[PDB]
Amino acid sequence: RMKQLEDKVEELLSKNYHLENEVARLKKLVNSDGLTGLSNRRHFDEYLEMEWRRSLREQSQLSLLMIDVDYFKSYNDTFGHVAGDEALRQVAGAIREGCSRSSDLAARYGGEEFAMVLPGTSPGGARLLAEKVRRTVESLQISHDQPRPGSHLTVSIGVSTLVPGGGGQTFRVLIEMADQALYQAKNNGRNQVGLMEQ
């Protein structure tokens, strides 16, 4: 039955290839990140652009947190990818729990990067949530040997807010500001909240 077998291998190869293509297509149509269950980056961009227009309409404050996991590459190295993945789920959970309003959105922005969209939220309120999230990540007390061998996982967080309508500003500049602030946080020793320059 060696024709029988070789034939089945061929049948299955074809069926599998179809399924792999189907998976690829569906992934581009789904809003969530497989690992963490948060919004994926595509949906983040889409959602934030839409909120940009709502805030423009209402002249409301649109806030954004850009959140990065500190020393994460070394975590994967010294604890393994599987553990890393679980650390990411735990951080995501903290981020998710960090925003409670129906209009808040938590997203996985990249490999180890997250974002929170906060419609109708003042710079002050955004700052609070940023601290709340960072603090919640710490209280998770996930073990890391970096930089000190007795340390726990942390995030750095950049904060920005804008009322849309100002010349030359877009949801993309809102991101750029939060990224700027994120840099500050990291370069001031990480595990902290950096604020945009008014």
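Numbering starts at 1 and follows the sequence shown.
J.: Taking the mean of the C-alpha B-factors per stretch from the entry, tell me the winner out of 53-61 and 168-176.
T.: The stretch with the larger average C-alpha B-factor is 168-176.
J.: For the stretches 98-106 and 78-86, which has the higher mean C-alpha B-factor as given in the deposited record?
T.: Higher of the two, by average CA B-factor, is 78-86.
J.: Checking the entry, which one of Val30, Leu153, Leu162, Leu38 has the top C-alpha B factor?
T.: Within the set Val30, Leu153, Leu162, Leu38, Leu153 shows the top C-alpha B-factor.
J.: Hey, what third does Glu46 fall into on Cα B-factor, ranked over its chain?
T.: Its C-alpha B-factor, which the entry lists for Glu46, ranks in the lowest third among residues of this chain.
J.: Comparing against every modelled residue in the chain, figure out the third that the C-alpha B-factor of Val137 lands in (lowest, middle or highest).
T.: As the PDB entry reports it, the C-alpha B-factor of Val137 lands in the highest third of its chain.
J.: Lowest, middle or highest third: where is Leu19 by C-alpha B factor in its chain?
T.: It belongs to the lowest third of the chain when residues are ordered by C-alpha B-factor.
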